[PDB]
Amino acid sequence: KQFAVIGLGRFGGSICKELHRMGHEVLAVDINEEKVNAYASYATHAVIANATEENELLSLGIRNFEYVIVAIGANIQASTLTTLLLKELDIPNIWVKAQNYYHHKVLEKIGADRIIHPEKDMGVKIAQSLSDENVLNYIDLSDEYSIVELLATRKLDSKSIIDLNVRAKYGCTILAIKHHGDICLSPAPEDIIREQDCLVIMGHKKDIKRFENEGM
Amino acid sequence: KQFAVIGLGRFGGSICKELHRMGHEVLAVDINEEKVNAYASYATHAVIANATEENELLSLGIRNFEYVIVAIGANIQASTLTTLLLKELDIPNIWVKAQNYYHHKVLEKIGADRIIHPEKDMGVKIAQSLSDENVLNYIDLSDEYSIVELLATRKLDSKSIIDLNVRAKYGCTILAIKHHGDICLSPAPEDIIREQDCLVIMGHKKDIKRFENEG
Amino acid sequence: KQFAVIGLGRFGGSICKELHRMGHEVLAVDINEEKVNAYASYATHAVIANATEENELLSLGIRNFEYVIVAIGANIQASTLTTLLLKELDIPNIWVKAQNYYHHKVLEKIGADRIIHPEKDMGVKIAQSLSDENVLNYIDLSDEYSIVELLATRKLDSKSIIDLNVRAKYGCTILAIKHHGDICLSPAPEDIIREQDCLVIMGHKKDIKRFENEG
Amino acid sequence: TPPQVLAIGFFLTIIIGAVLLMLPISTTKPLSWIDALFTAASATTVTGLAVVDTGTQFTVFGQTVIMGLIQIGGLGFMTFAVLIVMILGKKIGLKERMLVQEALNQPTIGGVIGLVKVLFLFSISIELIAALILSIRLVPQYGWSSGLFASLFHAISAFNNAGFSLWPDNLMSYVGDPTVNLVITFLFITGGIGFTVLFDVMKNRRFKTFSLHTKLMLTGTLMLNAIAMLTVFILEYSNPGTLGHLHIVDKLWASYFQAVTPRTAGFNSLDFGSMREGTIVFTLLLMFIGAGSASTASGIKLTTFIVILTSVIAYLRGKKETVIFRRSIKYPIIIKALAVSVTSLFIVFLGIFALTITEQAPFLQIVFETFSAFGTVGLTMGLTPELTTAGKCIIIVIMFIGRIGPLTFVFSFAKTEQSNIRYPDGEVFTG
Amino acid sequence: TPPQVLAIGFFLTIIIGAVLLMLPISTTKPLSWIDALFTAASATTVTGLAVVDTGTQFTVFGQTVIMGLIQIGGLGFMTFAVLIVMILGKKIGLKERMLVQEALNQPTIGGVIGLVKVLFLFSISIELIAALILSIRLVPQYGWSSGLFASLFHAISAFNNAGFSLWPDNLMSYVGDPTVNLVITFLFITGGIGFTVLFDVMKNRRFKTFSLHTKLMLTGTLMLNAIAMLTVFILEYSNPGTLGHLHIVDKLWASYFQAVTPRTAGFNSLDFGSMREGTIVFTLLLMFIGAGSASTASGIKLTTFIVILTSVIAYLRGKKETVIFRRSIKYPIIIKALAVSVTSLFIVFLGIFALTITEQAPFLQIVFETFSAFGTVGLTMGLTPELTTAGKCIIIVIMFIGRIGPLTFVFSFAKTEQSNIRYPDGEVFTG
Ligand SMILES: Nc1ncnc2c1ncn2[C@@H]1O[C@H](COP(=O)(O)OP(=O)(O)OP(=O)(O)O)[C@@H](O)[C@H]1O
Ligand SMILES: Nc1ncnc2c1ncn2[C@@H]1O[C@H](COP(=O)(O)OP(=O)(O)OP(=O)(O)O)[C@@H](O)[C@H]1O
Ligand SMILES: Nc1ncnc2c1ncn2[C@@H]1O[C@H](COP(=O)(O)OP(=O)(O)OP(=O)(O)O)[C@@H](O)[C@H]1O
Ligand SMILES: [K+]
Ligand SMILES: [K+]
Ligand code: NA
Ligand code: NA
C-alpha cells in the first residue's frame with residue numbers, strides 16, 4: 001500500500017505521522033515550503049508542489065498510489081480541482097476533507113470515494129460529553145444502538161454486577177471495566193464496581209440514558 | 001506571417017493556441033512566469049518580459065513581426081503604454097484588446113489599427129440567444145440584414161420548403177438545413193423539415209422575427 | 001567637482017542626467033533596484049544603498065564629494081536622517097528637496113545649506129502664466145522688479161519701438177525680440193514689432209502689468 | 001532542437017570536407033581515410049592540427065577546400081546559412097532567428113540578424129586588407145602565383161584562429177620579421193576578441209559607453225597578454241633551444257608572438273618541443289582559456305574565467321555578490337560559467353585518460369595535445385604525426401566538442417526536465 | 001580570528017615537532033634541518049611523504065614523536081585542546097566553542113562539544129582494538145618488543161590516514177595477506193568516512209533515518225571504491241611490473257587495496273612508479289577527491305565532488321535546483337563547494353608550476369607528487385627522495401595548506417568585507 005497525502009495541515013499532518021509510524025510509504029504534498037520541511041522527516045517522500053496543476057501532479061508519480069488523501073478543507077477551489085485531476089487520472093481511492101455542506105455536495109458530484117468532516121464529527125462527539133459528563137467515549141453502532149464507555153459515580157461504588165439489573169430492567173449489557181488500569185473483558189457475575197473508573201456498556205440509545213439517570 | 005501576442009490570458013492564450021495549430025510562428029510575451037511556462041509548448045517562442053519597457057521590447061526582435069496583438073484588457077496603463085511603443089516602432093498592424101468605452105477612445109487616439117471587445121461582443125450575442133431561444137448563432141451582415149441559424153420547432157416538423165412561404169410573404173431565403181449531422185447547401189424545393197435541427201435562414205432583421213413568431 | 005545625488009526620482013533623476021551631460025562625475029544612490037538600473041547608464045557610478053544607514057553611506061566614499069543632493073521629498077524621516085549623517089560627516093554643501101513648510105523648518109535646524117521646493121516654485125510660475133496669458137517666462141530680480149518675456153498681441157503688430165513709449169510712460173526697457181527664430185539683443189530704435197513672438201521686457205512689477213493692459 | 005541543428009550541421013561539413021580532400025584532384029599523394037577525416041575536422045573546428053603537411057600533401061585546389069572549411073567553420077555554420085537565405089530573397093523567420101541566438105551564444109534575439117551582417121562584412125573586409133598588406137612581403141619571396149595565394153591563405157587562417165601554414169615551418173622563418181608578426185597577431189586578436197566586442201567598438205568610440213562584456217574583454221586580454229609575455233620572456237631567456245641564440249629585438253618579437261598565439265590561433269615562432277616544462281605548464285592554463293564568447297576561438301572563454309575567478313575572490317573576501325567594473329553579476333551567469341568549466345575539464349580529463357591508454361608517448365605531450373585539441377589551438381610538441389589510428393579518432397571527437405562548446409554538445413542529446421515541483425532543503429558539509 | 005587560531009596552532013606543532021626530531025636522542029643518523037622540518041610537517045599534516053626511511057633514521061623515541069604528531073594532526077589541533085581544558089576543570093566558553101565549530105567545519109555550534117568526546121573516545125578505542133588484531137600477526141614475525149610497537153604504530157597511522165610505515169617496503173610484503181589488508185583498509189575507510197558520519201551510524205541503526213550527508217558518504221564511498229577497483233584491476237592485469245606475476249586471489253587483494261588507499265591513506269601494495277600512465281591519471285582524480293568533511297582525510301571532499309557534479313548535471317538537464325536523495329541543496333552550499341574546488345586547483349596548479357621550475361624530473365612524477373601532497377596522501381612515483389632543498393620547501397607549503405583546507409588558510413589573512421550596498425546587474429556572456 002502506497003499512500004499520498006495532499007495538504008499538510010493539522011488533519012493532513014496527523015495522517016502522515018500516523019501512517020509513517022505504522023511503516024507505510026507516504027508521499028507528503030504541500031504548496032507551503034515550511035510545511036514540507038517540517039514533515040520531511042515524518043514522510044517517506046515530501047515534495048513542494050501545487051496539486052491543482054496536472055503537470056506538477058504527474059511529476060510526482062501520483063498514478064502509482066492506490067490511496068490519495070486530499071486534506072484541504074479551507075480552500076474549496078483547491079480541493080475540488082485537485083480531486084477532479086485525480087478522478088481523471090483513475091485513482092482507485094480518493095478521500096477528501098470537506099469544509100461545509102455545500103463542499104460535501106460538490107465532491108460527491110465529481111466522484112469522491114469518501115468525504116471526511118474531521119471538525120464536525122469531533123464537535124458532535126464533544127458535545128455529547130458536554131451534555132452528559134458521565135460518558136467518556138462512545139461509538140454509534142447504528143442510529144438507535146451504541147457502545148458507551150461510562151464513568152462510575154459514587155452510588156455505584158462497592159456494587160456487584162448482579163446487583164445492577166441492567167440485563168433485565170434496562171436491557172443493557174456490561175462489556176468491560178477498567179479497574180484503575182486493570183481491564184477485564186466480559187466480566188462474570190459478580191464483580192465489585194469501584195470508584196470513578198471506565199465502565200463500558202452496550203444497549204439501546206434511550207436505554208443507556210435511563211441507566212445513567214436512575215442506576216448511575 | 002509572424003505573429004506576436006502580448007499578454008497570455010484567456011483571450012491572449014486562445015490566439016496563441018489557435019495560430020500555432022494552423023502552423024504560424026507565434027511569439028508569446030507575458031510578465032507572469034507561470035503563464036509563459038504553460039504556453040511554452042503552445043507557441044514558437046515564449047519570453048518572460050515587460051512590454052511597457054522599450055529596452056525589453058527591442059530585445060524580442062519585435063520589429064520583425066507584422067502583426068502584434070496586445071491582449072491586455074484589465075490594465076489600461078499597461079495596455080496603452082505597450083501600443084505607444086509599438087506605434088513608435090512602426091508596427092504595421094496593432095490589434096488591442098480593450099476594457100471599456102474610455103479605454104477604446106485612448107487606443108484610437110494613440111493609433112490602434114483594430115480594437116477588440118471580446119467579452120462585450122459575446123455578451124450581445126449571448127443575450128440575443130437568451131431573448132429568443134429559437135436562434136442558435138447569427139452573423140450581422142448589416143444593421144438591418146443578418147443570417148440566423150434557427151432551431152426547428154414542433155410545428156415545422158414534416159413540412160416541405162414549398163409549404164413555407166418564406167420567399168413570398170416573409171421575404172426570407174432558406175440557406176441550409178443540418179439534418180441530424182447531414183448538411184445540405186442551398187436546398188431545392190421541396191425538402192421535408194424534420195425535428196429540432198439547425199435551420200439557416202437569411203433575410204431582413206425584422207422579417208426573420210416575423211417568421212419565428214408566425215411560421 | 002564630484003556630485004552625489006541621493007534618490008533617483010523625477011527631480012533626482014533630472015539632476016543626474018543633466019550633470020552627466022555636462023561632463024561631471026555623478027554618484028547615483030537609490031534604495032530601489034529598478035531606479036538604479038535605469039540610471040546606471042546616466043551616471044558615473046550607481047549604487048543600490050540606503051542613505052539612512054551610516055555604514056552604507058561610508059561604503060560609498062561619500063566624504064569625497066563636495067556637493068551631495070538629497071532628492072527625497074516624500075519621506076520626511078528618510079530625508080532628515082540622511083542629511084543628519086551628511087552634516088555629521090562634514091559635507092561642505094548639502095542641498096535637500098523638501099515637501100512642505102514643516103519639512104523646510106526641520107532641515108533648516110539640522111543644517112541644510114540649501115532647501116529646494118521644485119513643485120512649489122513651478123506651481124507659482126505656472127499660475128502666473130495661467131492668470132495672464134501674455135507672459136511666457138519670467139525671472140524675479142527682486143520683490144518689485146522682474147524680467148518678463150511677453151507675447152506680442154495683434155495691436156502691437158507693425159509697430160516700431162519708438163512708437164511704444166515704454167521708456168517714458170511705463171518706465172520699462174525692451175530687452176530682446178525673438179523674431180520668428182531670430183533673436184536681437186538690445187534692439188535699437190526703431191524695430192518693427194511682428195506677430196505673436198517673444199518680447200523680452202524689463203521694469204517694475206506693477207509697471208509691466210500696466211503695459212500689458214494698455215499697450 | 002536549436003542545439004541539435006548546430007550539432008548536425010557542423011558534423012555534416014566534416015563529412016563533405018573529407019570527401020573533397022580525398023579526391024585525387026585535391027591531393028598530390030595518396031591519403032588515408034582517417035587523415036582525410038582528420039584534416040577536414042581540423043579545418044572546420046579551426047584547430048590546425050596537421051598529420052600531413054598542408055603545402056606538400058594538397059594541391060592548390062585542395063588548399064582552396066581548406067580555406068572554405070576554415071571560413072565556414074571559423075564564422076560558424078549558421079552565419080553563412082542566414083546569408084544564403086537572405087540572398088535567395090526568403091525572409092528570416094522566428095524559428096530561423098532562434099538558431100542564430102543559439103549559435104552566437106546570445107541571451108536575446110534582439111538585433112541578432114543585423115549582427116550577422118556586420119560580422120560577415122567585417123570578416124571579408126579585414127581579410128582582404130590583411131592579404132594586401134601581406135602581399136607586399138609574400139610576393140617578392142614567392143612570386144605572383146604563390147605570393148598572392150600565400151597571403152590570402154594566411155590572412156583567412158589567422159583571422160579565423162586556425163594556425164594552418166603552407167610552409168613546412170609554421171612561421172618559424174619570420175621570427176624577427178615585424179611585417180608578418182604585427183599583421184598576423186592583429187588578425188587573431190581582433191578575430192578572437194568577439195564579434196559583439198567589435199560591434200560595440202564600431203558604434204561606440206568612448207570606453208565609458210562600453211558594455212560590461214566589452215570592458216571585460218578589452219581589459220582582460222591586455223592584462224593576460226602582458227602576464228604571458230613576461231612569463232615566456234623570463235623563463236625562456238636562458239633556454240638554448242628557443243629564445244637563446246637570438247638578438248634582444250628578436251627575443252621581444254618571439255616572446256610577444258608566443259604570448260598571444262595560444263589563444264587560440266596556434267601559430268608559432270619557436271619550437272614548443274624544446275621549451276622548458278615551466279613554460280608549457282603556463283601555456284596549458286593559457287590555452288585552456290579562450291577569447292570572446294562569439295568569436296573564432298574556442299575553449300572556455302576569457303569572460304568565463306574572469307567571472308569564476310571574481311566569484312571565488314568575492315566569497316573569500318566575505319562579499320555577498322560578484323562585482324566587476326561596479327556591476328553586479330547575477331546567479332544565472334555564475335552557474336552557466338560553472339557548467340562550462342566543469343564540463344570542459346571533464347572532457348579534457350577523459351581525453352588525457354583515453355590517450356594514455358592508446359598512445360605510447362611522454363605524459364607532457366599527451367596533456368599538451370589534449371588541451372590544444374579541446375581549445376582548438378593546434379600547438380604541438382611532436383605527437384600529432386605520431387598518433388595511431390585510434391589516437392586520431394579521439395582527437396577528432398575532442399576537436400568537435402571543443403569548437404561547438406561543451407554545453408551545446410550536451411544539449412543535443414540531453415532531454416529537458418521541466419518540473420515545477422520543489423524539495424525540502426538538505427544539509428551537506430562541503431568543507 | 002577562529003581561522004587564525006587554527007593556522008597559528010597548526011604551524012606551531014610543525015616547529016615543536018621539528019625540534020624533537022632534530023635531537024640526537026630521536027635519530028640514529030645526522031638529520032638535515034629541512035628533512036627534520038619535512039618529516040615533522042609530513043606527520044602533523046598526516047601526509048606520509050618520507051625523504052628518509054622512518055624505521056632506520058629514527059629511534060624508538062623518535063618514532064614515538066611521529067605517533068604523537070600523527071595523533072595530534074589526524075584528529076585536529078582543537079580536538080585535544082578541548083580535552084586539556086576539560087581535564088583541568090575549566091568550562092568551555094562560547095569563544096572556545098566557536099573554535100570547535102570552525103575546526104570541525106560545522107554549520108552550527110549545537111552539540112559540537114559532545115562530538116569531540118565521541119570522536120576522541122572512538123579514536124582511542126578502535127586504534128587499541130586494531131592494534132590487538134594486528135598483534136596476532138606482527139608478534140610472531142618481529143618478537144614482542146618490535147611486534148607490539150609495529151602494530152601500535154600502524155594502527156595509529158592507518159586510522160589517521162598517514163601511510164607511515166616502519167618497514168623499508170611500505171606494505172609491499174603483505175600483498176596477499178588478508179590480515180594486514182582487511183584490518184588496515186577498515187581503519188582509514190572508517191577513519192576517513194567522517195566523524196559526523198560515524199556519530200550518525202552509532203546513534204541511528206536504520207538507513208532511512210540517516211541525514212543527507214551520511215547517506216551521501218556511505219553510498220558515495222561504496223560507488224567510488226567499486227569503480228576504482230574495476231579500473232585498477234582491468235588496466236594493470238597485463239602489466240608485468242605490478243599485478244602481473246601474482247595469483248588471481250592476490251590480484252583481487254592488490255586491486256582492492258590500491259582502490260581505497262589514495263583516499264587518503266597513501267599505503268601501497270604495488271609500486272606506483274611501474275604502473276601504466278592510464279592508472280596514474282585515474283589516481284590523480286581519485287586522490288584529488290578526499291573523504292569526509294570532518295575526518296582525518298584532506299583534499300576536496302567526496303560530498304564536495306558530488307554536490308558540484310550533481311549541480312552541473314541538473315543544469316545540463318534543465319533542472320532549476322540540485323536534488324540529491326530527494327533533498328534540495330541551497331545556494332550557500334553550492335558556492336562553498338565552488339570555492340573549495342577552484343582554490344584547490346589554483347594551489348595545485350601553482351605547485352606544479354613551481355616544481356617544474358625548480359625540480360628536474362619527469363612531468364608525470366611532478367603532477368603525481370603535487371596532487372599527493374595537497375591531498376595529504378603520500379603516494380610517490382620516485383620523486384620525494386630526489387627533491388632539492390627548494391623543492392622540499394614547496395611541498396611543505398602544499399602539505400600545510402592541504403591539511404588545513406584552502407578556505408581556512410585564505411580566511412586567516414583575508415579581511416572580511418561587510419558592506420550592505422548593492423550594484424545594478426551587468427550582462428556578461430560566459431558561453
Ligand atoms: N493547491 C494546493 N496543493 C497542495 N497543498 C495545498 C494547496 N492549497 C493549500 N495547500 C495546503 O494544504 C494544507 C491544508 O489546507 P488549509 O490549511 O487551507 O486547510 P484547513 O481545513 O484549515 O486544514 P487543517 O484543519 O488540517 O489545519 C495547508 O498546509 C495548505 O498550505
Ligand atoms: N506589462 C505587461 N507585459 C506583459 N504581459 C502582461 C503585462 N501586464 C499584464 N500582463 C499579462 O497579460 C495577461 C492578461 O492580462 P489581464 O489578466 O490583466 O487581462 P484580462 O482582460 O483580465 O484578460 P483575459 O480576459 O484575456 O483573461 C496576464 O497573463 C498578465 O499577467
Ligand atoms: N532612504 C532612502 N535612501 C535612498 N533612496 C531613497 C530612500 N527613500 C527613498 N528613496 C528614493 O528616493 C527617490 C525619491 O523619493 P520619493 O519618490 O519618496 O520622493 P518624491 O518627492 O515623491 O519624488 P520626485 O523627485 O519624483 O518628486 C525614490 O526613487 C525613492 O525610492
Ligand atoms: K587554431
Ligand atoms: K596520508
Ligand atoms: Na481545522
Ligand atoms: Na513630485
# chains A, B, ... in the order shown; residues from 1 in each chain; ligands from 1
>>> residues_around(residues="residue 65 in chain B", least_positions_apart="6", cutoff="8 Å", atoms="only C-alpha atoms", output="NGL selection string")
:B and (1-4 or 91)
>>> write_last_selection(atoms="C-alpha atoms", output="PDB file, in the first residue's frame")
ATOM      1  CA  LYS B   1       3.407  35.946 -41.446  1.00  0.00           C
ATOM      2  CA  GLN B   2       4.974  36.327 -37.996  1.00  0.00           C
ATOM      3  CA  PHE B   3       2.620  36.970 -35.078  1.00  0.00           C
ATOM      4  CA  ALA B   4       3.393  38.363 -31.627  1.00  0.00           C
ATOM      5  CA  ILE B  91       4.432  48.104 -36.392  1.00  0.00           C
TER       6      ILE B  91
END
>>> closest_atom_pairs(of="chain D", to="chain E", cutoff="7 Å", atoms="only C-alpha atoms", output="CSV")
residue,atom,partner,partner_atom,distance
D:105,CA,E:431,CA,6.1
D:212,CA,E:428,CA,6.1
D:213,CA,E:428,CA,4.8
D:277,CA,E:356,CA,5.9
D:278,CA,E:356,CA,5.2
D:281,CA,E:353,CA,6.3
D:293,CA,E:431,CA,5.4
D:301,CA,E:430,CA,6.7
D:303,CA,E:430,CA,5.6
D:304,CA,E:430,CA,4.7
D:312,CA,E:339,CA,5.3
D:316,CA,E:411,CA,6.8
D:317,CA,E:416,CA,5.3
D:318,CA,E:416,CA,5.1
D:319,CA,E:417,CA,5.7
D:326,CA,E:423,CA,6.6
D:327,CA,E:426,CA,5.2
D:328,CA,E:425,CA,4.6
D:329,CA,E:426,CA,5.8
D:330,CA,E:425,CA,6.6
D:333,CA,E:430,CA,6.9
D:336,CA,E:430,CA,6.8
D:337,CA,E:430,CA,5.6
D:339,CA,E:312,CA,5.4
D:353,CA,E:278,CA,5.8
D:356,CA,E:278,CA,5.3
D:357,CA,E:278,CA,5.4
D:363,CA,E:364,CA,6.0
D:364,CA,E:363,CA,6.0
D:411,CA,E:316,CA,6.8
D:414,CA,E:317,CA,6.0
D:415,CA,E:317,CA,6.3
D:416,CA,E:318,CA,5.1
D:417,CA,E:318,CA,5.3
D:418,CA,E:319,CA,6.7
D:423,CA,E:328,CA,5.0
D:424,CA,E:327,CA,5.5
D:425,CA,E:328,CA,4.6
D:426,CA,E:327,CA,5.2
D:427,CA,E:212,CA,6.4
D:428,CA,E:213,CA,4.7
D:429,CA,E:293,CA,6.0
D:430,CA,E:304,CA,4.6
D:431,CA,E:293,CA,5.4
>>> residues_near_ligand(ligand="ligand 2", cutoff="6 Å", atoms="only C-alpha atoms and all ligand atoms", output="list in words")
residues 6, 7, 8, 9, 10, 11, 12, 29, 30, 31, 32, 35, 50, 51, 52, 72, 73, 74, 75 and 78 of chain B
>>> residues_around(residues="range 370-385 of chain D", least_positions_apart="2", cutoff="7 Å", atoms="only C-alpha atoms", output="JSON, numbers by chain")
{"D": [45, 46, 47, 48, 49, 50, 51, 163, 262, 263, 264, 265, 266, 272, 273, 284, 287, 288, 290, 298, 299, 348, 351, 352, 365, 366, 367, 368, 387, 395, 398, 399, 402, 403]}
>>> write_last_selection(atoms="N, CA, C and O atoms", output="short mmCIF file (atom, residue, chain, number, x, y, z; two decimals), in the first residue's frame")
data_model
loop_
_atom_site.label_atom_id
_atom_site.label_comp_id
_atom_site.auth_asym_id
_atom_site.auth_seq_id
_atom_site.Cartn_x
_atom_site.Cartn_y
_atom_site.Cartn_z
N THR D 45 36.65 22.64 -37.40
CA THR D 45 36.82 23.01 -36.00
C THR D 45 37.87 24.09 -35.82
O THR D 45 38.04 24.59 -34.70
N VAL D 46 38.56 24.45 -36.90
CA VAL D 46 39.55 25.52 -36.98
C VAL D 46 40.59 25.33 -35.88
O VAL D 46 40.84 26.22 -35.07
N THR D 47 41.20 24.14 -35.85
CA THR D 47 42.20 23.79 -34.85
C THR D 47 43.62 23.93 -35.38
O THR D 47 44.46 24.57 -34.74
N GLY D 48 43.92 23.35 -36.54
CA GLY D 48 45.24 23.45 -37.12
C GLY D 48 46.15 22.27 -36.87
O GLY D 48 47.32 22.33 -37.27
N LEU D 49 45.67 21.21 -36.23
CA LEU D 49 46.47 20.01 -36.07
C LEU D 49 46.61 19.32 -37.42
O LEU D 49 45.61 18.98 -38.06
N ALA D 50 47.85 19.11 -37.85
CA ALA D 50 48.13 18.57 -39.18
C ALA D 50 48.95 17.30 -39.05
O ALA D 50 50.10 17.34 -38.60
N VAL D 51 48.35 16.17 -39.43
CA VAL D 51 49.11 14.93 -39.53
C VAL D 51 50.08 15.00 -40.71
O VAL D 51 51.25 14.62 -40.60
N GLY D 163 45.82 28.61 -37.54
CA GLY D 163 47.18 28.15 -37.41
C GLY D 163 47.70 27.35 -38.58
O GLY D 163 48.85 26.89 -38.54
N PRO D 262 48.61 31.15 -28.21
CA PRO D 262 47.82 30.01 -27.71
C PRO D 262 46.35 30.31 -27.53
O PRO D 262 45.59 29.39 -27.19
N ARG D 263 45.91 31.55 -27.75
CA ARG D 263 44.51 31.93 -27.57
C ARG D 263 43.98 32.60 -28.84
O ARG D 263 44.02 33.83 -28.95
N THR D 264 43.50 31.81 -29.81
CA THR D 264 43.63 30.36 -29.86
C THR D 264 44.20 29.99 -31.23
O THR D 264 43.84 28.95 -31.79
N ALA D 265 45.07 30.85 -31.75
CA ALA D 265 45.50 30.73 -33.15
C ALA D 265 46.36 29.49 -33.37
O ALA D 265 46.12 28.73 -34.32
N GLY D 266 47.36 29.28 -32.53
CA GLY D 266 48.23 28.14 -32.69
C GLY D 266 49.36 28.32 -33.67
O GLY D 266 50.01 27.33 -34.04
N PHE D 272 57.96 24.36 -29.72
CA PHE D 272 57.37 24.07 -28.41
C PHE D 272 57.91 22.77 -27.82
O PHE D 272 57.80 22.58 -26.60
N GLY D 273 58.48 21.89 -28.63
CA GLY D 273 59.05 20.66 -28.11
C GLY D 273 60.36 20.86 -27.37
O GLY D 273 60.73 20.01 -26.56
N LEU D 284 49.51 25.62 -20.79
CA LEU D 284 48.34 24.77 -20.59
C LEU D 284 47.17 25.55 -20.01
O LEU D 284 46.03 25.41 -20.47
N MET D 287 46.07 28.27 -22.87
CA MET D 287 45.21 27.81 -23.96
C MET D 287 43.99 27.05 -23.48
O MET D 287 43.15 26.68 -24.31
N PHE D 288 43.86 26.80 -22.18
CA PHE D 288 42.59 26.34 -21.64
C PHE D 288 41.57 27.47 -21.63
O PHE D 288 40.36 27.23 -21.72
N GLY D 290 40.06 30.65 -23.63
CA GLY D 290 40.00 31.14 -24.99
C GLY D 290 39.90 32.65 -25.05
O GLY D 290 40.57 33.35 -24.29
N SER D 298 37.87 29.07 -29.26
CA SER D 298 37.14 28.02 -28.56
C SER D 298 37.76 27.85 -27.18
O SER D 298 38.56 28.68 -26.72
N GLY D 299 37.39 26.76 -26.50
CA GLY D 299 37.76 26.58 -25.11
C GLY D 299 36.84 27.41 -24.23
O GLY D 299 35.91 28.06 -24.70
N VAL D 348 38.34 17.11 -21.06
CA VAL D 348 39.80 17.10 -21.18
C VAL D 348 40.39 15.95 -20.37
O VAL D 348 41.32 15.27 -20.83
N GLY D 351 39.90 12.88 -22.30
CA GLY D 351 40.81 12.84 -23.43
C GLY D 351 42.22 12.41 -23.04
O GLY D 351 42.85 11.62 -23.74
N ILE D 352 42.72 12.94 -21.92
CA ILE D 352 44.03 12.53 -21.43
C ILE D 352 44.01 11.07 -20.99
O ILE D 352 44.95 10.32 -21.25
N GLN D 365 53.49 15.55 -23.47
CA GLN D 365 52.99 15.72 -24.83
C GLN D 365 51.52 15.32 -24.94
O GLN D 365 50.79 15.90 -25.75
N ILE D 366 51.09 14.33 -24.16
CA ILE D 366 49.69 13.90 -24.21
C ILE D 366 48.78 14.99 -23.65
O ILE D 366 47.73 15.30 -24.23
N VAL D 367 49.16 15.59 -22.52
CA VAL D 367 48.36 16.64 -21.91
C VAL D 367 48.36 17.89 -22.79
O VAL D 367 47.34 18.57 -22.93
N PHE D 368 49.51 18.21 -23.39
CA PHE D 368 49.60 19.37 -24.28
C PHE D 368 48.73 19.17 -25.51
O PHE D 368 48.10 20.13 -25.99
N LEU D 387 50.51 9.99 -33.88
CA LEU D 387 49.28 9.41 -33.37
C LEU D 387 48.90 8.16 -34.15
O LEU D 387 49.12 8.07 -35.36
N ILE D 395 41.10 12.47 -30.95
CA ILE D 395 41.35 13.90 -31.14
C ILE D 395 40.22 14.54 -31.95
O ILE D 395 39.83 15.68 -31.69
N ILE D 398 37.49 15.21 -29.66
CA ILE D 398 37.87 16.32 -28.77
C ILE D 398 37.78 17.65 -29.51
O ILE D 398 37.27 18.64 -28.96
N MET D 399 38.26 17.70 -30.75
CA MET D 399 38.17 18.93 -31.54
C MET D 399 36.72 19.28 -31.86
O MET D 399 36.37 20.47 -31.92
N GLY D 402 35.09 20.67 -28.68
CA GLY D 402 35.71 21.92 -28.27
C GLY D 402 35.25 23.12 -29.07
O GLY D 402 35.02 24.20 -28.50
N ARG D 403 35.10 22.96 -30.38
CA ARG D 403 34.64 24.07 -31.21
C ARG D 403 33.16 24.36 -30.97
O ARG D 403 32.76 25.53 -30.84
#
>>> atom_distance(atom1="CA of residue 141 in chain C", atom2="CA of residue 172 in chain C")
14.2 Å
>>> closest_residue(among="B:22, B:86, B:148, B:96", to="residue 208 in chain B", atoms="only C-alpha atoms")
B:148
>>> interface_residues(of="chain C", to="chain B", cutoff="12 Å", atoms="only C-alpha atoms", output="PyMOL selection string")
chain C and resi 34+37-38
>>> residues_around(residues="residue 150 in chain A", least_positions_apart="2", cutoff="12 Å", atoms="only C-alpha atoms", output="number ranges by chain")
A: 129, 132-139, 146-148, 152-153, 156, 174-178, 196-202, 208-209, 211-212, 215-216
>>> residues_around(residues="residue 5 in chain C", least_positions_apart="5", cutoff="9 Å", atoms="only C-alpha atoms", output="NGL selection string")
:C and (12-13 or 15-16 or 26-30 or 67-71)
>>> interface_residues(of="chain A", to="chain E", cutoff="9 Å", atoms="only C-alpha atoms", output="ChimeraX atom specification")
/A:41,44-47
>>> select_by_dssp(residues="range 14-193 of chain B", states="strand (DSSP E)", output="PyMOL selection string")
chain B and resi 25-30+45-48+67-70+93-97+114-116+135-140+145-151+173-179+182-185
>>> select_by_dssp(residues="range 21-192 of chain B", states="helix (DSSP H, G or I)", output="VMD selection string")
chain B and resid 21 33 to 38 54 to 58 62 to 64 76 to 88 101 to 109 118 to 131 166 to 170
>>> atom_distance(atom1="CA of residue 55 in chain B", atom2="CA of residue 116 in chain D")
20.7 Å
